[PDB]
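First comes one chain, alone, set out as C-alpha cells in the form deposited in one PDB entry.
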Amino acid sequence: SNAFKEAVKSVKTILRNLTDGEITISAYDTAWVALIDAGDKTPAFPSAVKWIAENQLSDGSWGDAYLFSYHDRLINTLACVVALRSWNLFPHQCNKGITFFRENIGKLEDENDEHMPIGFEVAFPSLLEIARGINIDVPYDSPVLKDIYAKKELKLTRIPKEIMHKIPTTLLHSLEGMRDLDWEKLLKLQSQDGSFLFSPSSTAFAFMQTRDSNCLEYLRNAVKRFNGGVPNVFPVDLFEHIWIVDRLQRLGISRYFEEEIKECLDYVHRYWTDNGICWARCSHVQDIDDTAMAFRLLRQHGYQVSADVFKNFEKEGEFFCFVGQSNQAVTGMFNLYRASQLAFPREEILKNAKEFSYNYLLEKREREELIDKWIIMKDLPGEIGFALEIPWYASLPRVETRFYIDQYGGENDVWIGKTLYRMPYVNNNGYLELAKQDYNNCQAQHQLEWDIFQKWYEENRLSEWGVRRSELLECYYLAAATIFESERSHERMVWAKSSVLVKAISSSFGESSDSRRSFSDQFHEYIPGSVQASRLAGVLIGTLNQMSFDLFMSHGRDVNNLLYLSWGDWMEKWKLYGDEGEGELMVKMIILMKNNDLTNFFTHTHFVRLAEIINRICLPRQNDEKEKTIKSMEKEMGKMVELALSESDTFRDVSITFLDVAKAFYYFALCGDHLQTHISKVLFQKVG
C-alpha cells in the first residue's frame, strides 16, 4: 500500500532534478580523455585513467555489460588498452584487455544482427595505428582487418573536408580519426560549451592538437559530473527532456506528472529555435528526430511553434535526419510522421512531410527493413505497424497505451553512438511497472462498469428497442478508451449511456417525421406508436434522473435542468431532420458530468464554433464513397485540431473534450469493422 504513491514520488524527483543528462559512460570516450597530457608528461585527468581501470569487465573487455557486441567491445577495449599503456599504468587490467582483444578480434564479423557503432570504420583503424605506434602486441594483421582498413581510406576520400572546415556539420563529432586538419578554421566551429559537437573524444583529440582552453573546460565539466568517465555525447538535455515526456504519455501515466511535465516542456521551449534543435541545447547543428519530437510535444501542449522549422530538412520532396546528408533513419521518419499529423490546414510542408514519411515507412515495412541505426529496441516493427495502422486522428489514449506497454523495452533498450549507450531516465523498468499497475487498475474499473452497463441494458430491455449487444460493447468501449480515468466514471458512463439511448430512439422512431414527432411529443408530455414512444421516453427520462442523482449524491452538483435542456435541444433538430447533432450532445453530456463548472462556456463563441465543426464530423452512421467520407472528416478535424490545441488552459478542458469525441467517431469510421482484438486487449486482457 502507498507503494504506488511512493513510486509516483520517485519519478517526480527524477523529473524535478533533470540536468544535462543521465547517460552512461563510454569507455572509448574516456580513453581519449585519459590520453591527454597535463603538460608535465602526466595525465591531465587521472580520474579518467582510474575510471578505466576500475570499470573493466570480467572477461577483460570494456563496453556494455548487458548487450554483447563484438564491435562495441573491441573498439572500447582497444581504446582503453591504448590509454593505460601510453601512461604505463594499471598493467594488470591493460594485460587483460590485450588478451581479450587477441582472442576476439577474429570474431569481428561473426554477428549478422549486430549494428555498427557510429563511425566505427574510421575510428577503429585510427586507434589501431596509435596502438602500433606504442608497440602494443596485438594482431595488427588479423585477416578480418584488411577489409576495414580499405573501407577507411575510401570513407576519407569521400568526406567533404573543406566544408567540414567552414560550417558546422556532424563530422565535428568525430575528428579523432581524421588527418588533414586545419585547427585555425576548426576552432571557429567549436560549440558554445567548448565541445566539438558534444563529443568528448573528438573534443579531447582537439585539445591535444590545440591546447584550447575552452575544450579543456568542456572536458573538465564532464569528467567532474561523471566522476572520471565521460559519455559518447554530452550534454543530452533536450533529448532526455523530450523523450521522457513522450514515454510517460505513451505509457499512459503522464497525468500524474502534469506539473513536472509542464516544467520540462518550458525548458524545451526555452531552447527552441526557428531551425529546430538537436539532442543538446544551443547547437549550430540540428536534427529532424529531436526537432520533430519537440515540435509535436510543444504544439500538443499549446505552445506556439512553426512548421517552417522543417524546411531545412527537406530536399526535393524528401526528408532527412541532417542537413547536407543522405541519412534517413526509421525512428526519425517515424517521429516525423507523428509530428506531421498535428499539422494545421495552412501548413503545406507538413502535408509533404506526412506524405513522404508515411510512404517511407510503408515501403520499409514491405521490404523487411524496419531496423534502426540509432537504437536497438524491443519492438520497432510493432510501433511502426501501429502508427501506420492507426493515424493520430484515430488514436484513442487507451488503445495506443495498451499496445505500447507491450512494446516498451524498459531498461533493455540500447542506444547507438560511437559506442553503445543507455539512457536510464528514458528507458526505465520503473516506468513500466508503474504503467502496468496503473493500466490494470483502470482496466479493472472499466470491467466493473461494463457489468453495470450490461445490467442497465437488460433491465431496460434495450435489445427490443433496436440496440444490438455488439453495439452496446462498442459504445462503452469508445467512451472508456477515451475517458479512462478511475475518477472520471460519471463522464465515461454518461457518454456510453447517451450514445446507446440515441441509437435506440433513432432506430425505433427515426424513420419519418411522424415517428420523430411522435417521440418528441411523448418526451415532453412525459416530463399505438404513442404508447411505446412513452415507454422509451421513460427509459431516457429514467436513466437521465439516475445519473444526475448519482452526481448529486457524490459531488453535490445538481445538473438536472441543463441535462434536460441539452437533450431537448437535440430532440428538436433530430425531430426535424433526423440524427444530425449527436457529437455535440455527447460533448455537452461529458462537460456536465465534469466535477467543475465548465457549462458556462456552452454560450461562448469558441464553444459554438467547435459545435458546428463536430456536427460536420459526427455523421449519422451511414466502397469508393467511403474514402470520400473519411477524407472529409479529416479536413473538418484539421480545423478542430487547430482551434482546440491553441487554447488557454481554462476553456481547454472543453476544447479537448471536442477532440476526444471527434477522435472516437473518426476511429470508429476507420476501424469499426474490425475492433474485436482492440476491444479485447484494451478492456479484457490484463497487461503483464
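A residue's number is simply how far along the shown sequence it sits, counting from 1. So that the term is clear: the rigid core is the largest set of C-alpha atoms that superpose within 1.5 Å between two forms.
According to the entry, the stretch of the deposited sequence that connects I527 to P528 contains 10 or more residues lacking coordinates, which leaves a long gap in the model.
Gap between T650 and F651: none; every deposited residue in this span has coordinates.
Across the two stretches, 600 to 608 and 192 to 200, the PDB entry reports the greater mean Cα temperature factor for 600 to 608. Looking at mean Cα B-factors across 544 to 552 and 93 to 101, the upper value is held by 544 to 552.
Residues shown: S254, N428, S126, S515. Highest C-alpha temperature factor in the entry: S515. Going by the entry's values, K161 shows the largest Cα B-factor out of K161, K364, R73, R398.
Sort the chain's modelled residues by C-alpha temperature factor and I23 lands in the middle third, per the entry. When all modelled residues of the chain are sorted by CA temperature factor, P143 is found within the middle third.
In the PDB entry, a CA B factor belonging to the lowest third of its chain's modelled residues is recorded for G60. Residue-level temperature factors show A644 in the highest third of its chain, judged at the C-alpha atom. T331: CA B factor in the middle third of modelled residues in this chain (values from the PDB entry).
Heads up, the form deposited in another entry isn't pictured, but that's what we're talking about next.
With the rigid core aligned between this form and the one not shown, only one of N561, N112, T605, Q304 has a CA shift of 2 Å or more: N112.
When two forms of a protein are overlaid on their rigid core, residues whose CA moves 2 Å or more are considered shifted, and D147 is one of them between this form and the one not shown. Distance between the C-alpha atoms of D113 and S201: shorter by at least 3 Å in the other entry than in the displayed form.
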